[PDB]
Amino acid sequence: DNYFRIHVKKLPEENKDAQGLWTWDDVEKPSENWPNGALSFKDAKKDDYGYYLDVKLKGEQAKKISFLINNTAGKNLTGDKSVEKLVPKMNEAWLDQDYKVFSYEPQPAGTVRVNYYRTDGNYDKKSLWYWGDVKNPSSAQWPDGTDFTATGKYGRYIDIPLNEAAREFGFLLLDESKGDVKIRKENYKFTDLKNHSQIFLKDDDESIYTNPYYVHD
């Protein structure tokens, strides 16, 4: 009943049994009795990315989850971290190896994952035409188009090999079932290819979202 999932890429220290998750702010029972009142990583579950722990929210209207990883004596290993729910349904965050916090699972360096969600459909035959600061620019024969074939958490996706200190890229969402393929006529253009790793798109929405909740900023 109203948990928030915190994913951890790599624990600061070797033994999971000596480490725990100490939480405060909008959680039901803020940790007490430092350091042992923390939520132990001993019983942490694991997925593709690393460990995860689910924390019961003081909620609603729970909006700020603050946390750190500590050890049995008696260090604050990560420094203090906080996540703010972008929307009420935001229910997971990811901590990477440098203890940065994301609203999505971050992908390996030198890639941008382009996520595409359709309210309908369909999906087949949807593809991405892309260019600019990418290893393999669409080429080609208009209008195809790297197919949206893989399925993830946020609709379908394509992983794009970056190159360099990739800065900025452009793309068009394509519906190959059509006489007019473009979905949106005008070129999309994205900068922040350093500051992200995933982008989120949907339907014929003009906006390039930077979180899976399709809210601006």
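Heads up: residue numbers just count along the shown sequence, starting at 1.
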Could you settle it for me: does 52-60 or 158-166 have the higher average Cα B factor in the PDB entry? 158-166
Using only the Cα atoms and their B-factors as the entry lists them, report which of 178-186 and 35-43 averages higher. 178-186
Which one of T23, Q19, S197, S207 shows the biggest C-alpha B-factor in the PDB entry? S197
Between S82, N115, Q107, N76, which one tops the list for C-alpha B-factor in the PDB entry? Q107
Which third, lowest, middle or highest, does the CA B-factor of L86 fall in along this chain? middle
Quick check for you: using the entry's CA B-factors within this chain, is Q97 in the lowest, middle or highest third? middle
Could you look up the Cα B-factor of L11 in the entry and say which third of the chain it sits in: lowest, middle or highest? middle
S138: C-alpha B-factor third of its chain, per the entry, is the highest
Chain thirds by Cα B factor, record data; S127 belongs to the middle
